[PDB]
$ cat structure_1.cif   # mmCIF, N, CA and C atoms and all ligand atoms
data_start
loop_
_atom_site.label_atom_id
_atom_site.label_comp_id
_atom_site.auth_asym_id
_atom_site.auth_seq_id
_atom_site.Cartn_x
_atom_site.Cartn_y
_atom_site.Cartn_z
N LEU A 1 131.91 104.37 120.34
CA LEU A 1 131.68 104.90 118.97
C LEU A 1 131.56 103.73 118.00
N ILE A 2 132.59 102.89 117.99
CA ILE A 2 132.62 101.73 117.12
C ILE A 2 131.42 100.82 117.38
N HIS A 3 131.07 100.56 118.65
CA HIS A 3 129.92 99.72 118.94
C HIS A 3 128.65 100.33 118.37
N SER A 4 128.55 101.67 118.46
CA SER A 4 127.36 102.40 117.98
C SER A 4 127.22 102.27 116.45
N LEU A 5 128.37 102.32 115.79
CA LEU A 5 128.48 102.22 114.33
C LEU A 5 128.14 100.84 113.83
N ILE A 6 128.54 99.81 114.58
CA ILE A 6 128.21 98.43 114.22
C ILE A 6 126.70 98.23 114.29
N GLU A 7 126.10 98.68 115.39
CA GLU A 7 124.64 98.62 115.51
C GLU A 7 123.91 99.34 114.37
N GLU A 8 124.36 100.55 114.04
CA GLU A 8 123.87 101.29 112.87
C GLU A 8 124.03 100.48 111.56
N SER A 9 125.19 99.87 111.38
CA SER A 9 125.40 99.02 110.21
C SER A 9 124.37 97.88 110.18
N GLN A 10 124.21 97.23 111.34
CA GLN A 10 123.26 96.11 111.46
C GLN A 10 121.84 96.54 111.22
N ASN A 11 121.50 97.75 111.65
CA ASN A 11 120.16 98.28 111.36
C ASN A 11 119.96 98.45 109.85
N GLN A 12 121.02 98.83 109.14
CA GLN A 12 120.90 98.98 107.69
C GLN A 12 120.73 97.64 107.02
N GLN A 13 121.44 96.64 107.52
CA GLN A 13 121.33 95.28 106.99
C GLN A 13 119.88 94.83 107.13
N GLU A 14 119.27 95.12 108.27
CA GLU A 14 117.85 94.81 108.47
C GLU A 14 116.91 95.57 107.51
N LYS A 15 117.11 96.88 107.41
CA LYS A 15 116.34 97.72 106.50
C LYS A 15 116.40 97.13 105.07
N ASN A 16 117.57 96.61 104.68
CA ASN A 16 117.73 95.94 103.36
C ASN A 16 117.00 94.59 103.23
N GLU A 17 117.01 93.79 104.29
CA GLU A 17 116.19 92.57 104.36
C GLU A 17 114.70 92.88 104.24
N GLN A 18 114.27 94.02 104.79
CA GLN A 18 112.85 94.41 104.69
C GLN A 18 112.51 94.86 103.27
N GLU A 19 113.43 95.56 102.60
CA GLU A 19 113.22 95.95 101.19
C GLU A 19 113.11 94.72 100.30
N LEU A 20 113.99 93.74 100.51
CA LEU A 20 113.94 92.46 99.82
C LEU A 20 112.57 91.81 99.98
N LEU A 21 112.06 91.79 101.21
CA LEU A 21 110.72 91.25 101.43
C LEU A 21 109.63 92.08 100.71
N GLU A 22 109.77 93.41 100.67
CA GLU A 22 108.79 94.27 100.01
C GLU A 22 108.83 94.09 98.48
N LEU A 23 110.05 93.89 97.96
CA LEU A 23 110.30 93.53 96.53
C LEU A 23 109.64 92.23 96.18
N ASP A 24 109.82 91.23 97.01
CA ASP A 24 109.29 90.00 96.56
C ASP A 24 107.77 90.03 96.63
N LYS A 25 107.23 90.90 97.48
CA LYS A 25 105.77 91.03 97.57
C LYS A 25 105.23 91.71 96.31
N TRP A 26 105.80 92.86 95.88
CA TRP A 26 105.36 93.52 94.59
C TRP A 26 105.49 92.62 93.40
N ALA A 27 106.62 91.92 93.27
CA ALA A 27 106.84 91.01 92.14
C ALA A 27 105.74 89.95 92.12
N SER A 28 105.37 89.48 93.32
CA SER A 28 104.38 88.42 93.48
C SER A 28 103.03 88.95 93.01
N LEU A 29 102.76 90.20 93.38
CA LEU A 29 101.43 90.77 92.91
C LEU A 29 101.41 91.01 91.39
N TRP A 30 102.53 91.52 90.85
CA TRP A 30 102.66 91.71 89.40
C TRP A 30 102.52 90.36 88.66
N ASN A 31 103.17 89.32 89.17
CA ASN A 31 103.02 88.01 88.59
C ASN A 31 101.57 87.53 88.65
N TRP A 32 100.93 87.73 89.81
CA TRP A 32 99.51 87.38 89.94
C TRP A 32 98.71 88.10 88.84
N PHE A 33 98.95 89.39 88.69
CA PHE A 33 98.21 90.11 87.67
C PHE A 33 98.40 89.54 86.25
N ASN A 34 99.66 89.22 85.92
CA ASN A 34 99.91 88.66 84.58
C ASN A 34 99.23 87.32 84.32
N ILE A 35 99.30 86.45 85.35
CA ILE A 35 98.65 85.11 85.28
C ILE A 35 97.12 85.30 85.17
N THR A 36 96.56 86.22 85.99
CA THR A 36 95.12 86.35 86.03
C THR A 36 94.63 86.91 84.69
N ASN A 37 95.38 87.90 84.17
CA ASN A 37 95.06 88.50 82.88
C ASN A 37 95.14 87.42 81.79
N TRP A 38 96.12 86.53 81.86
CA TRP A 38 96.23 85.40 80.91
C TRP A 38 95.08 84.39 81.00
N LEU A 39 94.70 83.98 82.22
CA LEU A 39 93.59 83.06 82.45
C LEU A 39 92.29 83.64 81.90
N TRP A 40 92.11 84.94 82.00
CA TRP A 40 90.84 85.59 81.64
C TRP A 40 90.83 86.12 80.21
N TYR A 41 92.01 86.12 79.58
CA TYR A 41 92.15 86.58 78.16
C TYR A 41 91.34 85.74 77.20
N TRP B 1 107.90 83.45 86.13
CA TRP B 1 107.55 84.90 86.01
C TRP B 1 107.95 85.46 84.63
N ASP B 2 107.21 86.48 84.18
CA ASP B 2 107.44 87.16 82.88
C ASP B 2 108.80 87.87 82.81
N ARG B 3 109.27 88.15 81.60
CA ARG B 3 110.56 88.85 81.39
C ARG B 3 110.71 90.21 82.09
N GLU B 4 109.71 91.09 81.92
CA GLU B 4 109.63 92.40 82.60
C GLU B 4 109.81 92.16 84.10
N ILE B 5 109.12 91.16 84.67
CA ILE B 5 109.22 90.94 86.11
C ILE B 5 110.61 90.44 86.48
N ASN B 6 111.13 89.54 85.67
CA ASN B 6 112.46 89.02 85.96
C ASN B 6 113.54 90.09 85.82
N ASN B 7 113.36 91.02 84.88
CA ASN B 7 114.38 92.09 84.74
C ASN B 7 114.35 92.99 85.99
N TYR B 8 113.13 93.22 86.49
CA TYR B 8 112.89 94.04 87.69
C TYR B 8 113.48 93.36 88.94
N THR B 9 113.14 92.10 89.18
CA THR B 9 113.57 91.45 90.43
C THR B 9 115.05 91.20 90.33
N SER B 10 115.56 91.05 89.11
CA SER B 10 117.02 90.76 89.01
C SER B 10 117.78 91.99 89.39
N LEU B 11 117.34 93.13 88.90
CA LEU B 11 117.99 94.37 89.26
C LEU B 11 117.91 94.58 90.78
N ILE B 12 116.71 94.55 91.33
CA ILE B 12 116.58 94.95 92.75
C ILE B 12 117.36 93.99 93.67
N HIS B 13 117.29 92.67 93.41
CA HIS B 13 118.08 91.69 94.16
C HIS B 13 119.56 92.00 94.06
N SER B 14 120.04 92.25 92.84
CA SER B 14 121.46 92.56 92.66
C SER B 14 121.84 93.83 93.45
N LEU B 15 120.99 94.86 93.42
CA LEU B 15 121.29 96.12 94.10
C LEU B 15 121.29 95.94 95.61
N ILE B 16 120.34 95.16 96.12
CA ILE B 16 120.24 95.03 97.59
C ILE B 16 121.42 94.19 98.11
N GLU B 17 121.76 93.13 97.37
CA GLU B 17 122.88 92.25 97.73
C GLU B 17 124.15 93.04 97.80
N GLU B 18 124.33 93.96 96.85
CA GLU B 18 125.54 94.80 96.82
C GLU B 18 125.58 95.68 98.08
N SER B 19 124.45 96.27 98.41
CA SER B 19 124.37 97.11 99.60
C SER B 19 124.60 96.26 100.85
N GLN B 20 124.09 95.03 100.86
CA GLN B 20 124.32 94.10 101.98
C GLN B 20 125.80 93.67 102.10
N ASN B 21 126.41 93.31 100.97
CA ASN B 21 127.85 93.05 100.96
C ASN B 21 128.64 94.23 101.53
N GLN B 22 128.32 95.46 101.11
CA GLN B 22 129.04 96.64 101.60
C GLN B 22 128.84 96.79 103.13
N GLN B 23 127.61 96.58 103.59
CA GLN B 23 127.36 96.67 105.03
C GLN B 23 128.12 95.62 105.82
N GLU B 24 128.18 94.40 105.30
CA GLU B 24 128.91 93.30 105.94
C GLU B 24 130.42 93.66 105.98
N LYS B 25 130.92 94.18 104.88
CA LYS B 25 132.34 94.62 104.84
C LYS B 25 132.57 95.73 105.87
N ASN B 26 131.64 96.70 105.97
CA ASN B 26 131.82 97.79 106.93
C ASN B 26 131.84 97.23 108.35
N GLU B 27 130.99 96.25 108.61
CA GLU B 27 130.92 95.65 109.96
C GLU B 27 132.25 94.98 110.24
N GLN B 28 132.76 94.20 109.31
CA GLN B 28 134.04 93.49 109.55
C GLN B 28 135.16 94.51 109.72
N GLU B 29 135.08 95.61 109.01
CA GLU B 29 136.10 96.67 109.20
C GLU B 29 136.01 97.36 110.57
N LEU B 30 134.78 97.61 111.01
CA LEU B 30 134.59 98.18 112.34
C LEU B 30 135.13 97.23 113.38
N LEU B 31 134.96 95.92 113.20
CA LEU B 31 135.48 94.96 114.17
C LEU B 31 137.00 95.02 114.21
N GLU B 32 137.60 95.14 113.03
CA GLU B 32 139.08 95.33 112.92
C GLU B 32 139.47 96.54 113.70
N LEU B 33 138.80 97.67 113.48
CA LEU B 33 139.13 98.87 114.20
C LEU B 33 138.97 98.74 115.73
N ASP B 34 138.01 97.93 116.16
CA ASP B 34 137.85 97.67 117.57
C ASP B 34 139.09 96.94 118.09
N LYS B 35 139.59 95.97 117.32
CA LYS B 35 140.81 95.23 117.74
C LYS B 35 141.98 96.23 117.81
N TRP B 36 142.02 97.15 116.86
CA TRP B 36 143.13 98.15 116.84
C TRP B 36 143.02 99.04 118.06
N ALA B 37 141.82 99.53 118.35
CA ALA B 37 141.61 100.26 119.60
C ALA B 37 142.04 99.47 120.87
N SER B 38 141.72 98.17 120.93
CA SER B 38 142.11 97.32 122.06
C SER B 38 143.64 97.23 122.19
N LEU B 39 144.29 97.07 121.05
CA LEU B 39 145.78 97.02 121.06
C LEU B 39 146.33 98.34 121.56
N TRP B 40 145.80 99.45 121.04
CA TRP B 40 146.27 100.79 121.47
C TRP B 40 146.01 101.05 122.94
N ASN B 41 144.84 100.64 123.42
CA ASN B 41 144.51 100.80 124.84
C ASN B 41 145.50 99.99 125.69
N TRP B 42 145.87 98.80 125.24
CA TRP B 42 146.86 97.98 126.01
C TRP B 42 148.19 98.74 126.16
N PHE B 43 148.70 99.34 125.06
CA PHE B 43 149.94 100.12 125.17
C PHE B 43 149.78 101.30 126.06
N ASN B 44 148.62 101.95 125.96
CA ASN B 44 148.40 103.13 126.82
C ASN B 44 148.32 102.81 128.30
N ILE B 45 147.66 101.71 128.63
CA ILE B 45 147.56 101.30 130.04
C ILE B 45 148.93 100.91 130.55
N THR B 46 149.67 100.13 129.71
CA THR B 46 151.03 99.76 130.12
C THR B 46 151.88 101.02 130.42
N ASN B 47 151.84 101.98 129.50
CA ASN B 47 152.58 103.23 129.65
C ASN B 47 152.18 103.96 130.95
N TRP B 48 150.86 104.06 131.20
CA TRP B 48 150.35 104.77 132.39
C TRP B 48 150.77 104.06 133.63
N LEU B 49 150.70 102.73 133.71
CA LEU B 49 151.15 102.03 134.92
C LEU B 49 152.64 102.21 135.13
N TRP B 50 153.41 102.24 134.06
CA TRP B 50 154.85 102.44 134.21
C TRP B 50 155.16 103.82 134.80
N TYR B 51 154.37 104.79 134.37
CA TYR B 51 154.56 106.18 134.82
C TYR B 51 154.12 106.31 136.27
N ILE B 52 153.10 105.58 136.71
CA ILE B 52 152.61 105.75 138.12
C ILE B 52 153.17 104.79 139.17
N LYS B 53 154.03 103.87 138.77
CA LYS B 53 154.52 102.85 139.66
C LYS B 53 155.31 103.45 140.84
NA NA A 101 105.53 81.57 90.97
#

$ encode --input "structure_1.cif" --output "structure tokens"
Amino acid sequence: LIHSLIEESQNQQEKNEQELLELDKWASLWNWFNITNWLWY
Amino acid sequence: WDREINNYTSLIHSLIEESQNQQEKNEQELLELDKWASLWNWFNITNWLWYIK
């Protein structure tokens, strides 16, 4: 039971690392948009 | 990065870190519980061998 729960916990830690990566990707695109809009303004 | 973006990434980083800290704490607690189970199993095995000797 406990071993199963630890693995489940670890899977959540991974799911959170993937969200962090997805966050930094959106932020990067939003930043790109702001810079590009500024260059072309 | 712009202010709007920094307010956004600051929030999401803070929220994910908190969830990660909680998961790490849960893991360390599960490990504690595993040690407690091991201790309990040792008493139980000792008791059973004493009863069957
Ligand atoms: Na940058």

$ atom_distance --input "structure_1.cif" --atom1 "atom N of residue 28 (chain B)" --atom2 "atom C of residue 9 (chain A)"
9.2 Å

$ residues_around --input "structure_1.cif" --residues "residue 38 (chain A)" --least-positions-apart "6" --cutoff "12 Å" --atoms "only C-alpha atoms" --output "PyMOL selection string"
(chain A and resi 31-32) or (chain B and resi 2)

$ interface_residues --input "structure_1.cif" --of "chain B" --to "chain A" --cutoff "7 Å" --atoms "all atoms listed in the file" --output "PyMOL selection string"
chain B and resi 1-2+5+9+16+20+23+26-27+30+34

$ atom_distance --input "structure_1.cif" --atom1 "atom C of residue 17 (chain B)" --atom2 "atom N of residue 37 (chain B)"
27.9 Å

$ atom_distance --input "structure_1.cif" --atom1 "CA of residue 53 (chain B)" --atom2 "atom C of residue 36 (chain B)"
24.8 Å

$ decode --input "structure_1.cif" --residues "region 7-53 of chain B" --atoms "N, CA and C atoms" --output "PDB file, in the first residue's frame"
ATOM      1  N   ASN B   7       3.921  38.762 -13.132  1.00  0.00           N
ATOM      2  CA  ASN B   7       2.918  38.480 -12.079  1.00  0.00           C
ATOM      3  C   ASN B   7       2.349  37.059 -12.281  1.00  0.00           C
ATOM      4  N   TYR B   8       2.173  36.696 -13.554  1.00  0.00           N
ATOM      5  CA  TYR B   8       1.662  35.382 -13.960  1.00  0.00           C
ATOM      6  C   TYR B   8       2.665  34.267 -13.587  1.00  0.00           C
ATOM      7  N   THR B   9       3.919  34.406 -13.991  1.00  0.00           N
ATOM      8  CA  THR B   9       4.887  33.313 -13.775  1.00  0.00           C
ATOM      9  C   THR B   9       5.191  33.256 -12.299  1.00  0.00           C
ATOM     10  N   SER B  10       5.066  34.388 -11.611  1.00  0.00           N
ATOM     11  CA  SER B  10       5.410  34.354 -10.162  1.00  0.00           C
ATOM     12  C   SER B  10       4.364  33.564  -9.437  1.00  0.00           C
ATOM     13  N   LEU B  11       3.113  33.808  -9.777  1.00  0.00           N
ATOM     14  CA  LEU B  11       2.045  33.055  -9.158  1.00  0.00           C
ATOM     15  C   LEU B  11       2.208  31.563  -9.466  1.00  0.00           C
ATOM     16  N   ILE B  12       2.296  31.218 -10.744  1.00  0.00           N
ATOM     17  CA  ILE B  12       2.255  29.781 -11.083  1.00  0.00           C
ATOM     18  C   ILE B  12       3.457  29.025 -10.477  1.00  0.00           C
ATOM     19  N   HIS B  13       4.659  29.620 -10.527  1.00  0.00           N
ATOM     20  CA  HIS B  13       5.843  29.031  -9.886  1.00  0.00           C
ATOM     21  C   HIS B  13       5.605  28.842  -8.406  1.00  0.00           C
ATOM     22  N   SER B  14       5.102  29.872  -7.736  1.00  0.00           N
ATOM     23  CA  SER B  14       4.842  29.759  -6.300  1.00  0.00           C
ATOM     24  C   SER B  14       3.828  28.630  -6.019  1.00  0.00           C
ATOM     25  N   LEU B  15       2.775  28.521  -6.833  1.00  0.00           N
ATOM     26  CA  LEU B  15       1.738  27.505  -6.607  1.00  0.00           C
ATOM     27  C   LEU B  15       2.290  26.107  -6.850  1.00  0.00           C
ATOM     28  N   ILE B  16       3.107  25.956  -7.886  1.00  0.00           N
ATOM     29  CA  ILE B  16       3.588  24.599  -8.214  1.00  0.00           C
ATOM     30  C   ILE B  16       4.604  24.145  -7.152  1.00  0.00           C
ATOM     31  N   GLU B  17       5.470  25.067  -6.717  1.00  0.00           N
ATOM     32  CA  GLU B  17       6.472  24.787  -5.689  1.00  0.00           C
ATOM     33  C   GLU B  17       5.799  24.338  -4.427  1.00  0.00           C
ATOM     34  N   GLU B  18       4.693  24.989  -4.082  1.00  0.00           N
ATOM     35  CA  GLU B  18       3.948  24.624  -2.869  1.00  0.00           C
ATOM     36  C   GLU B  18       3.408  23.197  -2.996  1.00  0.00           C
ATOM     37  N   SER B  19       2.843  22.894  -4.153  1.00  0.00           N
ATOM     38  CA  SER B  19       2.325  21.559  -4.401  1.00  0.00           C
ATOM     39  C   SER B  19       3.466  20.538  -4.387  1.00  0.00           C
ATOM     40  N   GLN B  20       4.630  20.918  -4.920  1.00  0.00           N
ATOM     41  CA  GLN B  20       5.817  20.043  -4.882  1.00  0.00           C
ATOM     42  C   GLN B  20       6.352  19.827  -3.455  1.00  0.00           C
ATOM     43  N   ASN B  21       6.465  20.904  -2.681  1.00  0.00           N
ATOM     44  CA  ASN B  21       6.804  20.773  -1.266  1.00  0.00           C
ATOM     45  C   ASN B  21       5.846  19.819  -0.543  1.00  0.00           C
ATOM     46  N   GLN B  22       4.534  19.958  -0.770  1.00  0.00           N
ATOM     47  CA  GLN B  22       3.553  19.081  -0.106  1.00  0.00           C
ATOM     48  C   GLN B  22       3.772  17.611  -0.538  1.00  0.00           C
ATOM     49  N   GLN B  23       4.015  17.396  -1.827  1.00  0.00           N
ATOM     50  CA  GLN B  23       4.269  16.033  -2.296  1.00  0.00           C
ATOM     51  C   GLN B  23       5.522  15.432  -1.691  1.00  0.00           C
ATOM     52  N   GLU B  24       6.578  16.234  -1.576  1.00  0.00           N
ATOM     53  CA  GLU B  24       7.846  15.792  -0.980  1.00  0.00           C
ATOM     54  C   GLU B  24       7.603  15.449   0.508  1.00  0.00           C
ATOM     55  N   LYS B  25       6.852  16.297   1.190  1.00  0.00           N
ATOM     56  CA  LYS B  25       6.506  16.012   2.606  1.00  0.00           C
ATOM     57  C   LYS B  25       5.699  14.722   2.701  1.00  0.00           C
ATOM     58  N   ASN B  26       4.735  14.515   1.789  1.00  0.00           N
ATOM     59  CA  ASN B  26       3.929  13.297   1.837  1.00  0.00           C
ATOM     60  C   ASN B  26       4.815  12.070   1.627  1.00  0.00           C
ATOM     61  N   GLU B  27       5.774  12.193   0.720  1.00  0.00           N
ATOM     62  CA  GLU B  27       6.687  11.069   0.437  1.00  0.00           C
ATOM     63  C   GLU B  27       7.485  10.773   1.687  1.00  0.00           C
ATOM     64  N   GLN B  28       8.038  11.788   2.321  1.00  0.00           N
ATOM     65  CA  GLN B  28       8.865  11.552   3.526  1.00  0.00           C
ATOM     66  C   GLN B  28       7.990  10.969   4.627  1.00  0.00           C
ATOM     67  N   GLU B  29       6.740  11.383   4.687  1.00  0.00           N
ATOM     68  CA  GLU B  29       5.831  10.789   5.691  1.00  0.00           C
ATOM     69  C   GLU B  29       5.491   9.315   5.400  1.00  0.00           C
ATOM     70  N   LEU B  30       5.282   9.002   4.130  1.00  0.00           N
ATOM     71  CA  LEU B  30       5.049   7.622   3.747  1.00  0.00           C
ATOM     72  C   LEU B  30       6.257   6.783   4.093  1.00  0.00           C
ATOM     73  N   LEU B  31       7.473   7.313   3.923  1.00  0.00           N
ATOM     74  CA  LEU B  31       8.664   6.552   4.269  1.00  0.00           C
ATOM     75  C   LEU B  31       8.711   6.278   5.769  1.00  0.00           C
ATOM     76  N   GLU B  32       8.347   7.292   6.541  1.00  0.00           N
ATOM     77  CA  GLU B  32       8.223   7.133   8.025  1.00  0.00           C
ATOM     78  C   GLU B  32       7.261   6.029   8.322  1.00  0.00           C
ATOM     79  N   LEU B  33       6.082   6.048   7.715  1.00  0.00           N
ATOM     80  CA  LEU B  33       5.111   5.013   7.953  1.00  0.00           C
ATOM     81  C   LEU B  33       5.611   3.607   7.561  1.00  0.00           C
ATOM     82  N   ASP B  34       6.441   3.530   6.522  1.00  0.00           N
ATOM     83  CA  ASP B  34       7.029   2.275   6.139  1.00  0.00           C
ATOM     84  C   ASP B  34       7.940   1.787   7.268  1.00  0.00           C
ATOM     85  N   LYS B  35       8.719   2.695   7.864  1.00  0.00           N
ATOM     86  CA  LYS B  35       9.613   2.297   8.981  1.00  0.00           C
ATOM     87  C   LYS B  35       8.735   1.811  10.149  1.00  0.00           C
ATOM     88  N   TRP B  36       7.605   2.482  10.364  1.00  0.00           N
ATOM     89  CA  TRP B  36       6.708   2.092  11.485  1.00  0.00           C
ATOM     90  C   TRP B  36       6.137   0.715  11.206  1.00  0.00           C
ATOM     91  N   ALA B  37       5.665   0.486   9.982  1.00  0.00           N
ATOM     92  CA  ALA B  37       5.256  -0.868   9.602  1.00  0.00           C
ATOM     93  C   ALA B  37       6.356  -1.942   9.812  1.00  0.00           C
ATOM     94  N   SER B  38       7.608  -1.629   9.452  1.00  0.00           N
ATOM     95  CA  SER B  38       8.731  -2.546   9.650  1.00  0.00           C
ATOM     96  C   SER B  38       8.941  -2.870  11.136  1.00  0.00           C
ATOM     97  N   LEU B  39       8.854  -1.838  11.950  1.00  0.00           N
ATOM     98  CA  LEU B  39       9.002  -2.043  13.420  1.00  0.00           C
ATOM     99  C   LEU B  39       7.877  -2.939  13.913  1.00  0.00           C
ATOM    100  N   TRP B  40       6.643  -2.644  13.496  1.00  0.00           N
ATOM    101  CA  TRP B  40       5.478  -3.458  13.927  1.00  0.00           C
ATOM    102  C   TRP B  40       5.578  -4.895  13.449  1.00  0.00           C
ATOM    103  N   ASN B  41       6.017  -5.082  12.204  1.00  0.00           N
ATOM    104  CA  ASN B  41       6.192  -6.437  11.666  1.00  0.00           C
ATOM    105  C   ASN B  41       7.247  -7.189  12.488  1.00  0.00           C
ATOM    106  N   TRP B  42       8.313  -6.506  12.901  1.00  0.00           N
ATOM    107  CA  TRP B  42       9.354  -7.184  13.736  1.00  0.00           C
ATOM    108  C   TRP B  42       8.740  -7.711  15.047  1.00  0.00           C
ATOM    109  N   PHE B  43       7.915  -6.882  15.740  1.00  0.00           N
ATOM    110  CA  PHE B  43       7.264  -7.365  16.964  1.00  0.00           C
ATOM    111  C   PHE B  43       6.329  -8.490  16.691  1.00  0.00           C
ATOM    112  N   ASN B  44       5.612  -8.385  15.579  1.00  0.00           N
ATOM    113  CA  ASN B  44       4.666  -9.474  15.250  1.00  0.00           C
ATOM    114  C   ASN B  44       5.337 -10.802  14.936  1.00  0.00           C
ATOM    115  N   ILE B  45       6.436 -10.746  14.206  1.00  0.00           N
ATOM    116  CA  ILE B  45       7.176 -11.974  13.881  1.00  0.00           C
ATOM    117  C   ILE B  45       7.761 -12.560  15.152  1.00  0.00           C
ATOM    118  N   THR B  46       8.360 -11.672  15.988  1.00  0.00           N
ATOM    119  CA  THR B  46       8.900 -12.165  17.262  1.00  0.00           C
ATOM    120  C   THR B  46       7.801 -12.896  18.080  1.00  0.00           C
ATOM    121  N   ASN B  47       6.648 -12.253  18.210  1.00  0.00           N
ATOM    122  CA  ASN B  47       5.526 -12.818  18.945  1.00  0.00           C
ATOM    123  C   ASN B  47       5.106 -14.189  18.359  1.00  0.00           C
ATOM    124  N   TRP B  48       4.995 -14.258  17.024  1.00  0.00           N
ATOM    125  CA  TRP B  48       4.568 -15.502  16.356  1.00  0.00           C
ATOM    126  C   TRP B  48       5.582 -16.569  16.557  1.00  0.00           C
ATOM    127  N   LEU B  49       6.890 -16.296  16.445  1.00  0.00           N
ATOM    128  CA  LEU B  49       7.888 -17.347  16.688  1.00  0.00           C
ATOM    129  C   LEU B  49       7.865 -17.812  18.133  1.00  0.00           C
ATOM    130  N   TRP B  50       7.609 -16.903  19.060  1.00  0.00           N
ATOM    131  CA  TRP B  50       7.549 -17.305  20.465  1.00  0.00           C
ATOM    132  C   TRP B  50       6.379 -18.267  20.708  1.00  0.00           C
ATOM    133  N   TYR B  51       5.279 -17.984  20.018  1.00  0.00           N
ATOM    134  CA  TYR B  51       4.056 -18.792  20.165  1.00  0.00           C
ATOM    135  C   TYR B  51       4.260 -20.146  19.511  1.00  0.00           C
ATOM    136  N   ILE B  52       5.021 -20.240  18.417  1.00  0.00           N
ATOM    137  CA  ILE B  52       5.175 -21.562  17.715  1.00  0.00           C
ATOM    138  C   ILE B  52       6.387 -22.403  18.088  1.00  0.00           C
ATOM    139  N   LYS B  53       7.237 -21.905  18.975  1.00  0.00           N
ATOM    140  CA  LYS B  53       8.475 -22.578  19.301  1.00  0.00           C
ATOM    141  C   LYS B  53       8.233 -23.971  19.915  1.00  0.00           C
TER     142      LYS B  53
END
